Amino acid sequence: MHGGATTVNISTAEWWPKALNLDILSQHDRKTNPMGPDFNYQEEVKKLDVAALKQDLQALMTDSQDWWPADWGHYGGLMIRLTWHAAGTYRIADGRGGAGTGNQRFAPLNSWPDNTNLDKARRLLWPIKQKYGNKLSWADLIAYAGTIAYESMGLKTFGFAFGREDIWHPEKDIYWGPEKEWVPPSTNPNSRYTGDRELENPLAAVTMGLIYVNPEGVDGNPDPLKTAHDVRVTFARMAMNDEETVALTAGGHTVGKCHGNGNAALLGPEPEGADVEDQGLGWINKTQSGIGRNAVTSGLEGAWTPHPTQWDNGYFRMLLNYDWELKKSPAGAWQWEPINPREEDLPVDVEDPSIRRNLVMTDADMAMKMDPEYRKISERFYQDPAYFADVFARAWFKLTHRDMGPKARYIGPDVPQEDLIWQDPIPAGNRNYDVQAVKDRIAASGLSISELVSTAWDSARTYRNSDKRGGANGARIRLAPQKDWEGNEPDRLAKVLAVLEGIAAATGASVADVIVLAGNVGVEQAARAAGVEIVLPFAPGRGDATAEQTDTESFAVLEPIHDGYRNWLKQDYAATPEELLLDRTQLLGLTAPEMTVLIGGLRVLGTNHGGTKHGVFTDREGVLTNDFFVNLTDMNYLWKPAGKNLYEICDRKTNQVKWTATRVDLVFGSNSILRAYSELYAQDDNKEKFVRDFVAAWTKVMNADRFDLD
């Protein structure tokens, strides 16, 4: 018996299950990154021999390997499912999930029941990854595989961008839902459904371990109309509308098949549950043949089209021109099969083309026929295949690139020149202007420190690294819907914008550059007022985006309904305010020390929403000192709960109320890690370290979206 906490069950986590999960802020660090510290994937991938890659990947599609042979000699359907599943984890509420990090090769996603046998697909890509090496991330490779499969099977894809950097462990920040079992029906303890089958809000799948919906029907009970409702809901939470959804569904099932020819109970554990002999793979059948015609994956069995190795118009020919009834696959799954199909329409056996097998549709396919709105789009696609192929190709491109962020991050020869609106386009901003002049006019305006700092904070605080949307580039805070969001304090904002817009006209700097410069000036002034002189570093070049290139509705999701950094809460949510602060801070890409210095700094700058004094533990607001920490850590005070999210900080001797504070303020003096950082910053010797760390964190946030640089 050794003393190491050597398995994941052994931790502090079990004793206090409600503690802040601060580890989510210290992921993807030096000790897990096996690359050198100056390795830069973007420069390496710019040197990738893409034409040779394209060729190898095309050849892989008809290069069957004996340990997991290709259906009909063609891996295309499998590779498309790979890429679709990689990308189908994305959700709009927080931007988390998607294909942008290569996450499918790690827990939990490598072992979701919906990703069954995608472990075979990934592994089949290894010889390619091995060949191209550090110039081809696993993330880009996984995202690309299905696009090349489409090209090889006859579809004109819209394009492709490289630029996704690999990670080296699971994304600990992603909450995938409340369940403690895989794929439970919504009539379960810990259900993700509330009220009238309303899906809990960040979530974009109908249950734990599925991509979107249950292909056998809602909670496993076929009904195309109820299935349609889930499809509409989930796909909407993955940024897709009805037309995109029907296109994706039909275009997906234009190729490939369902695998369910055997007994599912004979499959070995999923990959994270399997033992070492399985080579990182899972769902292996050691009892009988689990490969080729005997593959079991979803448990449904059949292909949607007569020719599943090729792009064609088989999908709607089959769906719409045959009548369908419910049947059970050999593995016991519900599926739809057509009534009296013709021989010549039967897909052949995957190993022997002289045997005919069956056609199928899932409950989600039948939803495309029975939902009245989908039926119309389906008819359009049956009538107008050129439109079908163009809508699908664009949707497939959107699917696989929706978390890539600004076009500045896109690399390679098949990047579309078009600026799609879901890329939140922003032009390059002028960089030849005198920065000092802009600064002097900001200083010469009569806008306070408070006005300047809050406005810059609010412009940048929308950034989220999950899908790389938001941030200060573009000055979308001056457009709808941002300029009217309650948390942005639209009056104060309009007042500042009037001034700063005039300064930008006068100077030839973008409004975006000026908003940020202005925040810098407020910080510089507050430091100066503590007798400290610095110039904050500054990168010009931000563009101002137009309303035309700003999809008002897609921005709903970036609204700051909470921001602990300005002691802001729009309503009294379920989550604790400090959990909300942790979430926002993780999206911003900030560490726990960074979060800490920002909070202390913003507080003494006087930047709370509504001009509240909660957490403003200073006699000199507007002056940049470590007062917040000095006072938070002083045991001459006691802390008295005083209603919702509010405390009285009281002098122990006089029993008088000296300040007030929220839970967001006080967690920095309560949580044992955070108080340790608070104490560091409250040391007599750490005043300048505080200012310096504050400034660095401020700058990091201001620059977070600046992929146009770097």
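Sequential numbering from 1, following the sequence displayed.
Undergrad: Do the C-alpha atoms of 335 to 343 or of 184 to 192 have the higher average B factor in the entry?
TA: It is 184 to 192 that shows the higher mean C-alpha B-factor.
Undergrad: Taking only the CA atoms, which stretch has the higher mean B-factor in the record, 232 to 240 or 443 to 451?
TA: The stretch with the larger average C-alpha B-factor is 443 to 451.
Undergrad: Going by the CA temperature factor in the entry, name the top one among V691, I10, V701, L25.
TA: Across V691, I10, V701, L25, the entry lists the biggest C-alpha B-factor for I10.
Undergrad: Tell me which of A505, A250, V255, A395 tops the list for C-alpha B factor in the record.
TA: Of the candidates given, the C-alpha B-factor peaks at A505.
Undergrad: Based on the deposited C-alpha B factors for this chain, I'd like to know if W67 is in the lowest, middle or highest third.
TA: Middle third of the chain for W67's C-alpha B-factor.
Undergrad: Which third, lowest, middle or highest, does the CA B-factor of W485 fall in along this chain?
TA: Its C-alpha B-factor belongs to the highest third of this chain's values.
Undergrad: Give the position of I411 by CA B-factor within its chain, expressed as the lowest, middle or highest third.
TA: Middle third of the chain for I411's C-alpha B-factor.
Undergrad: Among all modelled residues of this chain, ranked by Cα B factor, put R492 in the bottom, middle or top third, i.e. lowest, middle or highest.
TA: Answer is highest: the recorded C-alpha B-factor places it there.
Undergrad: Tell me, lowest, middle or highest third: where does the Cα B factor of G610 rank within its chain?
TA: For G610, the deposited C-alpha B-factor lands in the middle third.
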